[PDB]
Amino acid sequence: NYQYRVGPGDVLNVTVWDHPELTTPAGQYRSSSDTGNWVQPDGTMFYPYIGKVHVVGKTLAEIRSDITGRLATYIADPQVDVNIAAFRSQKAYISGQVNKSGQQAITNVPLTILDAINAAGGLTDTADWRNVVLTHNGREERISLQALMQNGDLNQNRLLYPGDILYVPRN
């Protein structure tokens, strides 16, 4: 049921089969992030011929439906897919007694507390890991990573959301 939704600053990548002039307007060498479609602060992106596409708050399939229908005015029965070349809009903050603290992007793949620990290089040996602070939507909560690995208990793990702060205090 986990569904990512595009936010401002994301870079989207639109594939139009049989139309490399649309899929790769700047050639095949540059990465999709360096050639993709920037989402503007008002939530729209420009796509050729169809104009502005409202994409903030929408899923990839919903954007796909939107773009495919409007491109049919200019392209015969267009075959289009949409994904994100750069997840720049949404992010969680993992700080404290993890090896490599910092921001972690919210993407189409779910980011749980456990998932976030690893991308942060893992806990340090002075981590108060039975006592981790999760701040979600102005609420606070205490999390125990010790029981997640010693007892395999998933009832302490949580899914991370845009803006969440995960703080591992020193001991």
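Quick note: we count residues from 1 along the sequence shown, nothing fancier.
- Comparing the deposited coordinates for 3-11 and 160-168, the stretch with the larger average C-alpha B-factor is 160-168.
- In this entry, 134-142 has the higher mean Cα B-factor, the comparison being between 134-142 and 59-67.
- Taking the PDB entry at face value, the top CA B factor among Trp129, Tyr49, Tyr29, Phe46 belongs to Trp129.
- As recorded in the PDB entry, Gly121 shows the highest C-alpha B-factor of the residues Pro41, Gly36, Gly121, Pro110.
- In the PDB entry, a CA B factor belonging to the lowest third of its chain's modelled residues is recorded for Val82.
- When the CA B factors of the chain's modelled residues are split into thirds, the value for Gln90 lands in the middle one.
- Compared with the other modelled residues of the chain, the Cα B-factor recorded for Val98 ranks in the highest third.
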